[PDB]
Structure formats: C-alpha cells, structure tokens
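Visitor: Coordinates for the following, if possible.
(2 chains)
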Amino acid sequence: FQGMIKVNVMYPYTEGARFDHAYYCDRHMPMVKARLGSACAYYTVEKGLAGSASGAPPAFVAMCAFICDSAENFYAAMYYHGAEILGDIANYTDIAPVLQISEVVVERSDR
Amino acid sequence: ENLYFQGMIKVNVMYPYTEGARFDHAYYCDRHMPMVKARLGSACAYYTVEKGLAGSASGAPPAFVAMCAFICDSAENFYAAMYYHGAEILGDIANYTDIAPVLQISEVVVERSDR
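Guide: Numbering: from 1, shown residues only, chains lettered A, B, ... in the order given. The coordinates are given below.
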C-alpha cells in the first residue's frame, strides 16, 4: 500500500495478566522509535480504562500506534531490529497482541 | 497531582472485520463522523478515522474493518454528550453497517511522540 499508514499493536485485557505500563512508555516505546527512525513519523500510547457498559473492562489493557509514510520501510525496520524489539517485550508483558495495519483516512479532524 | 483521574481520554470505536459483511466507508467518513463530532461539540478536541488493510499474517485480514477515535479532555463531558445524543448516534449505525462495534475508553499516555 502507498500512502500514510497506521500500525496498531493492541494487547487484549485479561484479569491478572501482567502489563508494565511505566516500562512500556518510559523504556520500550522510545527504544522502538529510535530503531524505527524515519520509518515512523510518530507514535501514540494509551492505557485501557473501561469498555462501553458501567464497570466493563476495556477490550485492550494497552495499545500503541505507529503513524508511518511507508508500510515497506516500516516492515524493513521491524525485520532488521526485530531481535532487539521482540527481545524486550517480556520485560513488560506476556500478552500476545492483536496486530493490524490500517490506511489513515483522517489523521486528525481539526487539520 | 489530582485526587482522581481526570486527564485526556481517547474513545475508540472498533468495528470487527467479518467476511462479506457490509461497511460503507464513504458514509462513515463523510456523513457519520462529522455528525458525531457535531454532537460532541467542545467535549471532543478532534477525531481520527482509519480503514483496516491487513493483520500480521501474509494475506490475513485486519482485526477491525474500520476504527475511529475521539480525543476528549474529559470523560464526564464525553458521557454527557452521549446521554443527550447517543440515541441519535446509535440510530445512524444501520445506514453504513450491520457490524456491532467494540467501544473502549483509554487514558492518552502519549498523544504523539514528536510533540
């Protein structure tokens, strides 16, 4: 695909499953972005709070997104730096994430 | 700093991909989303929209056919808008899809890493 893409990493919520949010934001993500370099314009991070119903847990305990100009350049970066990136995951979680690549339709409505 | 969480939130609406199911991406983007934003008013700073292309596996479909996010300064303001306008918002979903979305509220930890 040619155009702006959004690579989503979405960790499903499970009661009692470990997800070290501080490590994820403070250590892991900055390292991942440093290795990705120009292959990612910016990243986003979020912490799940709730689902739709009152007291419903969120579907995902945590999520991130990598906003990139080229899907090809993103995958090439993930291939080359995969040992190091994948090797750091166990330091914050054992959850296997849902992985998706999407076309950015509206990056942000106000711009 | 604060006694309870009252920071920036991200409201995620995520439509699971279902083989052959209907999803009018044009209506969703140019009719539905601008209407939802109009009803949220100042409760939402901005919204985002995306179309699923693929999953991790080669030729694998995406988990979600379409996703959006409403970035809001207050959860309480978002919910107030949903009490006043949620009936209308939900009533419009049938005009572009029969897929029941998954809704999630998250704390924005990093809004964008380059800012």
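Visitor: Which residues of chain A lie near chain B?
Guide: Contact residues, chain A versus chain B (C-beta under 8 Å from any C-beta of the partner chain): A:1, A:5-6, A:8, A:10, A:21, A:25, A:29, A:33, A:41-52, A:58-60, A:63, A:67, A:98-111. Any C-beta I mention is one placed from the backbone N, CA and C, and that applies to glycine too.
Visitor: So which residue is dead centre in chain A?
Guide: residue A:64 (2.8 Å; C-alpha atoms, centre = their mean).
Visitor: Tell me the secondary structure at that residue.
Guide: Of the three states, residue A:64 takes strand according to DSSP: H, G, I helix; E, B strand; the rest coil.
Visitor: Is it in contact with residue A:48, as I believe?
Guide: No: judged on C-beta atoms under 8 Å, residue A:64 makes no contact with residue A:48 at a distance of 11.9 Å.
Visitor: what does the longest helix anywhere in chain A contact?
Guide: Secondary structure of chain A per DSSP state H: the longest helix is helix A:71-80. Defining contact as C-beta atoms under 8 Å, 6 or more residues apart in numbering or on different chains, one finds that helix A:71-80 is touched by A:1, A:5, A:7, A:35-40, A:66, A:68, A:85, A:101.
Visitor: Chain A: strands as residue ranges?
Guide: A:2-12, A:42-50, A:60-70, A:98-106 (DSSP state E).
Visitor: deepest of these, which one?
Guide: Mean neighbour count, computed with mean count of other C-beta atoms under 10 Å in any protein chain shown, is highest for strand A:60-70 among the strands of chain A, reaching a mean of 22.
Visitor: That one pairs with which strands?
Guide: Note on strand A:60-70: by DSSP bridges, its sheet partners are strand A:2-12 (antiparallel), strand A:42-50 (antiparallel).
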